[PDB]
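**Student:** Let me begin by handing over the structure; questions about it come next.
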Amino acid sequence: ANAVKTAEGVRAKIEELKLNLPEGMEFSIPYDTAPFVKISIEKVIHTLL
Amino acid sequence: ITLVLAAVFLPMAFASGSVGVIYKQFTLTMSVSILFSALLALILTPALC
Amino acid sequence: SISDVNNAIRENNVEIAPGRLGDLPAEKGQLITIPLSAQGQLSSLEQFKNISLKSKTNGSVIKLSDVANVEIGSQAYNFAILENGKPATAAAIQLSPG
Amino acid sequence: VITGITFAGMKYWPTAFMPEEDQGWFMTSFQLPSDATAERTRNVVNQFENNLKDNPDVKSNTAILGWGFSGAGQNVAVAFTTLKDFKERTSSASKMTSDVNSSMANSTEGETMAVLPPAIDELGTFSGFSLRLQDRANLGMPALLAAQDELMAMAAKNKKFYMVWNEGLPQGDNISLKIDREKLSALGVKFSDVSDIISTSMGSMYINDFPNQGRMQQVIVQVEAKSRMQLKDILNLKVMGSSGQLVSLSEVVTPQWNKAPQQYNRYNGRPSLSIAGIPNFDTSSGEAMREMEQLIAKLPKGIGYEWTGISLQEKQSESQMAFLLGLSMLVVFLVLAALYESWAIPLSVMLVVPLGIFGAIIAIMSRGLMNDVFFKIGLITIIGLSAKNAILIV
Amino acid sequence: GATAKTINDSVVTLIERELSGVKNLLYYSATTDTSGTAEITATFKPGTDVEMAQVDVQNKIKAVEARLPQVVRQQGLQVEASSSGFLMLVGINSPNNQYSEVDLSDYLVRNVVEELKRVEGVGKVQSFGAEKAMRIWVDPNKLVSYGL
Amino acid sequence: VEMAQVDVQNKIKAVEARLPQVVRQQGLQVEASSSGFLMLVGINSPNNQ
Amino acid sequence: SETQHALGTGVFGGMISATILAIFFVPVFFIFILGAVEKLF
């Protein structure tokens with residue numbers, strides 16, 4: 001499976017659940033590897049151009 | 001030149017294991033880009049020049 | 001009755017469950033946790049022949065040896081082998097189709 | 001002569017699979033001794049949190065206590081530490097891993113090992129070489145465990161190994177209570193009572209569900225935590241007989257201590273333990289695997305090893321390179337010969353690729369980069385490039 | 001009711017043999033500890049179809065399922081394809097401190113875990129919290145005195 | 001043979017639901033064999049111990 | 001940087017050596033293989 005799309009879907013579902021979050025609880029994502037993916041590709045393209 | 005350059009990458013594409021997958025990833029782009037380059041050189045470059 | 005014998009064999013051979021010491025939730029200041037087990041199964045012939053059974057008529061405990069002979073033998077006695085007229089044991093090897 | 005030098009450089013220079021990378025996070029694993037409760041592991045993780053909050057590159061470190069890769073228990077913990085964006089850092093993850101390893105080896109009363117993210121996403125959970133030490137002759141669990149101890153003793157002294165350890169739960173001491181049925185009958189207490197009280201002394205018991213707030217939630221019966229901390233509480237449990245008196249368990253049990261492996265692993269059908277290590281600087285992954293094989297050769301009979309995960313693929317990559325090069329060089333030969341219908345042209349094209357290999361070999365030796373997959377793709381590419389150079393003139 | 005050695009003797013070795021024969025298998029391993037569960041793993045040659053591998057493994061398990069003990073059968077055996085590598089950690093903190101760990105865990109298990117495990121690409125959601133339940137903490141000293 | 005065995009197992013689990021509970025508990029064994037002995041391997045005791 | 005170096009240094013050195021040595025040697029190789037050719041015939 002694709003990491004970026006799965007992470008985006010998980011974060012979207014979390015955002016959906018932030019509507020019914022009872023007061024006093026806050027969602028957090030301390031650890032996430034998806035963000036690295038893009039920053040890698042963008043360097044390669046920088047070496048590409 | 002185009003044929004040899006496009007064909008030298010084929011054998012590594014068929015290796016086993018994860019290194020085989022990495023070789024496949026490299027070879028796809030390497031061979032297809034040079035074949036398209038051969039097509040472009042034979043077709044468009046002469047008239048454009 | 002046979003029910004009494006079966007129940008005695010069930011209870012005396014019980015298979016106590018394993019556990020642990022100092023498992024969560026734990027007291028403040030606990031520094032050691034150790035698994036612990038208890039053996040509750042009968043080991044060999046002697047204990048089985050010594051299984052206690054309450055006798056109705058006399059009112060005193062008797063032993064399994066009184067109402068049965070305990071031995072070690074084949075689980076099933078269905079089949080037998082004769083290699084050259086001499087008793088032995090054998091197993092047949094079959095091959096998967098293909 | 002150049003061809004000979006090229007072949008010598010091919011064979012001699014060490015090899016590896018992939019270069020390490022700074023992916024923005026690192027992983028710390030804490031494996032305290034089996035006797036350790038969760039409080040001691042929490043103390044160690046708190047020391048790690050204290051020692052990391054001072055650093056300015058720590059965006060956030062999250063610790064999972066009681067769970068870890070390759071084991072789960074009160075003496076196991078994991079921690080994922082992320083780092084600020086690359087441009088806004090004053091260090092690299094390797095330096096932070098080294099510092100945390102040094103401090104925790106200095107003082108935490110436990111084994112803590114900080115590792116970089118795995119070279120590839122899902123080949124393994126950390127970067128390094130992994131091994132499985134197996135008993136191939138039914139030598140017994142303790143015999144292979146002694147073999148593991150011997151292997152680690154040799155690994156520690158070796159200068160080509162930064163650190164090597166066992167990635168599994170450690171040994172443990174266990175207690176066994178043997179019931180005395182003769183005295184139990186003498187005192188007029190049934191064995192069923194003793195078995196039941198032991199069964200319901202130090203374990204949880206799920207009975208049934210109840211309807212809490214629209215969902216069925218379990219109902220669990222267990223003894224108070226104050227009565228299952230030490231052996232005294234168990235031996236102070238009392239059972240009623242027909243004599244009008246209570247007998248403690250201590251009267252009809254005798255604690256017996258044993259030392260047994262706390263975990264059981266198997267790999268390819270042989271009892272095994274899983275080892276991990278990092279190649280020291282100056283030492284490539286291939287050299288570390290080589291020396292680790294040399295040191296394993298000096299082990300009791302019936303003890304073998306098997307490379308798994310990243311190590312298996314690294315060995316496989318170097319176990320086919322000759323075949324890949326030969327096949328590529330045969331393919332180009334045949335294609336050129338068929339296209340040009342001559343024998344001089346293909347051989348002349350072959351008389352140049354030694355030089356292409358020579359250049360790359362000398363360059364990598366000059367810069368010190370090891371022979372890896374990317375180097376192999378480079379060799380394959382240079383084969384075609386040198387073929388193109390020879391064709392244009394021949 | 002079985003320790004690491006007991007559960008290893010009872011189930012792991014039995015399941016291992018039939019699993020050994022799956023197609024495109026690369027290696028197979030097994031892990032056992034006091035947690036009370038076995039964890040057999042089958043790694044397949046790179047490039048193999050994950051769904052085909054999973055269905056083959058399930059076929060070989062149901063082939064051997066008949067020979068396994070009744071207690072093993074009752075709880076059931078879970079066959080699942082995962083990556084054994086975390087993609088992200090999603091948590092619910094209480095900065096205002098109104099709710100303790102038990103309430104956070106019950107909310108996460110009841111609400112968030114089920115919602116997240118439905119999302120595409122989620123191989124498995126490993127929860128590090130437990131549902132609320134009524135716990136009866138029994139003092140054994142009173143039991144004997146009261147005769148219970 | 002493998003296809004036949006998997007098909008038979010599929011058709012048994014299809015009908016498994018309709019079978020009695022006692023039959024289900026012991027379990028049903030599906031196996032491919034040849035119904036012909038290849039060899040007999042035995043352990044004799046010539047010393048009669 | 002490490003990944004890019006591992007993929008670039010070898011190819012750079014290989015191209016430099018291949019071209020520089022080939023412009024001098026490849027004609028020699030062709031002449032010698034042709035020499036072997038008339039040796040055969």
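Simple scheme: letters A, B, ... for chains in structure tokens order, numbers from 1 for residues in each chain, numbers from 1 for ligands in the order shown.
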I want to know what sits within 9 Å of range 33-35 of chain B, based on only C-alpha atoms, with residues of the same chain fewer than 5 positions away left out; could you give that as a list in words?

**Tutor:** residues 2, 3, 5, 6, 28 and 40 of chain B

**Student:** List the spatial neighbours of residue 6 in chain A as a PyMOL selection string - criterion: any atom at most 12 Å away, only C-alpha atoms, same-chain residues fewer than 5 positions off excluded.

**Tutor:** (chain A and resi 1+11-13+32-35) or (chain E and resi 87-88+116-124)

**Student:** Give the alpha helix (DSSP H) residues of chain C, as assigned by DSSP on the backbone, as a compact mmCIF listing (two decimals) with N, CA, C and O atoms, in the first residue's frame.

**Tutor:**
```txt
# COMPACT_ATOMS: atom_id res chain seq x y z
N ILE C 2 -18.79 -45.86 38.90
CA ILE C 2 -17.78 -45.37 37.97
C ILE C 2 -17.72 -43.85 37.94
O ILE C 2 -16.64 -43.29 37.69
N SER C 3 -18.84 -43.18 38.20
CA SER C 3 -18.83 -41.72 38.26
C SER C 3 -17.90 -41.23 39.36
O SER C 3 -17.18 -40.24 39.18
N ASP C 4 -17.89 -41.92 40.51
CA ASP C 4 -17.00 -41.53 41.60
C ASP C 4 -15.54 -41.64 41.19
O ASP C 4 -14.73 -40.75 41.46
N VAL C 5 -15.18 -42.75 40.52
CA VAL C 5 -13.80 -42.93 40.09
C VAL C 5 -13.41 -41.85 39.09
O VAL C 5 -12.33 -41.25 39.19
N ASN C 6 -14.27 -41.59 38.11
CA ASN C 6 -13.97 -40.57 37.11
C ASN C 6 -13.81 -39.20 37.76
O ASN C 6 -12.90 -38.45 37.43
N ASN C 7 -14.70 -38.87 38.70
CA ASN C 7 -14.64 -37.56 39.35
C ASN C 7 -13.38 -37.43 40.19
O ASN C 7 -12.76 -36.36 40.23
N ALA C 8 -12.99 -38.50 40.89
CA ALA C 8 -11.76 -38.46 41.67
C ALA C 8 -10.55 -38.25 40.77
O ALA C 8 -9.66 -37.45 41.08
N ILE C 9 -10.51 -38.96 39.64
CA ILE C 9 -9.40 -38.79 38.72
C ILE C 9 -9.39 -37.38 38.14
O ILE C 9 -8.33 -36.79 37.91
N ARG C 10 -10.58 -36.80 37.89
CA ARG C 10 -10.64 -35.42 37.42
C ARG C 10 -10.07 -34.46 38.45
O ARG C 10 -9.23 -33.61 38.13
N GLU C 11 -10.53 -34.57 39.70
CA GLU C 11 -10.19 -33.56 40.70
C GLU C 11 -8.74 -33.67 41.14
O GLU C 11 -8.06 -32.65 41.29
N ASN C 12 -8.24 -34.89 41.35
CA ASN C 12 -6.88 -35.03 41.86
C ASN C 12 -5.85 -34.64 40.81
O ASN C 12 -4.76 -34.16 41.14
N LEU C 45 2.79 -43.88 38.74
CA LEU C 45 1.81 -44.90 39.11
C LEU C 45 1.41 -44.79 40.57
O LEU C 45 0.23 -44.91 40.91
N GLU C 46 2.39 -44.56 41.45
CA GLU C 46 2.14 -44.65 42.89
C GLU C 46 1.01 -43.72 43.31
O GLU C 46 0.11 -44.11 44.06
N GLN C 47 1.05 -42.47 42.85
CA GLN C 47 0.02 -41.51 43.24
C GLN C 47 -1.35 -41.95 42.74
O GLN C 47 -2.35 -41.83 43.46
N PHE C 48 -1.42 -42.46 41.51
CA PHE C 48 -2.70 -42.90 40.97
C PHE C 48 -3.26 -44.08 41.76
O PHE C 48 -4.46 -44.13 42.03
N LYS C 49 -2.40 -45.03 42.15
CA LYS C 49 -2.87 -46.13 42.99
C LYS C 49 -3.28 -45.63 44.37
O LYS C 49 -4.03 -46.32 45.07
N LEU C 64 -7.65 -45.93 45.30
CA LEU C 64 -8.04 -46.39 43.97
C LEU C 64 -7.62 -47.83 43.73
O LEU C 64 -8.31 -48.57 43.01
N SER C 65 -6.50 -48.26 44.32
CA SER C 65 -6.06 -49.64 44.15
C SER C 65 -7.11 -50.62 44.66
O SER C 65 -7.17 -51.76 44.19
N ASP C 66 -7.94 -50.20 45.61
CA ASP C 66 -8.96 -51.09 46.16
C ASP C 66 -9.99 -51.47 45.11
O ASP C 66 -10.44 -52.62 45.05
N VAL C 67 -10.38 -50.52 44.26
CA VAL C 67 -11.49 -50.71 43.33
C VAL C 67 -11.01 -50.75 41.88
O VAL C 67 -11.82 -50.68 40.96
```

**Student:** Hey, could you make a per-residue contact list for chain E against chain B with 8 Å as the cut-off, showing the nearest pair of atoms and its distance in Å to one decimal, counting only C-alpha atoms, sorted by chain and number, as a tab-separated table?

**Tutor:**
```
residue	atom	partner	partner_atom	distance
E:45	CA	B:17	CA	7.0
E:46	CA	B:17	CA	5.6
E:47	CA	B:21	CA	7.9
```

**Student:** When you count only C-alpha atoms, which of these residues is closest to residue 20 in chain A: E:42, E:52, E:112, E:7?

**Tutor:** E:112

**Student:** Do me a favour and pick out the residues of chain C within 9 Å of chain E, using only C-alpha atoms, as a VMD selection string.

**Tutor:** chain C and resid 15 to 19 35

**Student:** Neighbouring residues of residue 16 in chain A were defined as those with any atom within 12 Å, considering only C-alpha atoms; residues of the same chain fewer than 6 positions away were excluded. Please report them as number ranges by chain.

**Tutor:** A: 9-10, 27; E: 111-112, 115-116

**Student:** Store the residues picked out above in a file with C-alpha atoms, as a PDB file, in the first residue's frame.

**Tutor:**
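Saved the output as out_29.pdb:
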```
ATOM      1  CA  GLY A   9      -6.921   9.126   4.881  1.00  0.00           C
ATOM      2  CA  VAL A  10      -6.156   8.538   8.556  1.00  0.00           C
ATOM      3  CA  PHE A  27      -6.016  14.541  18.999  1.00  0.00           C
TER       4      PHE A  27
ATOM      5  CA  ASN E 111     -14.718   5.491  19.062  1.00  0.00           C
ATOM      6  CA  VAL E 112     -11.394   6.081  17.323  1.00  0.00           C
ATOM      7  CA  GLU E 115     -13.206   4.386  12.731  1.00  0.00           C
ATOM      8  CA  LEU E 116      -9.499   4.362  11.861  1.00  0.00           C
TER       9      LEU E 116
END
```

**Student:** Report, in Å with one decimal, the straight-line distance from CA of residue 1 in chain D to CA of residue 348 in chain D.

**Tutor:**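 Computed distance, CA of residue 1 in chain D to CA of residue 348 in chain D, equals 17.0 Å.
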
**Student:** Please identify all polymer residues within 10 Å of range 16-30 of chain F, counting only C-alpha atoms, omitting same-chain residues fewer than 2 positions from it, and present them as JSON, numbers by chain.

**Tutor:** {"E": [62, 63, 64, 65, 66, 67, 68, 69, 70, 73, 74], "F": [5, 6, 8, 9, 10, 11, 12, 13, 14, 32, 33]}

**Student:** May I have the residues within 6 Å of range 363-376 of chain D as number ranges by chain, using only C-alpha atoms and disregarding those fewer than 6 positions away in the same chain?

**Tutor:** D: 15-17; G: 6-7, 10, 13
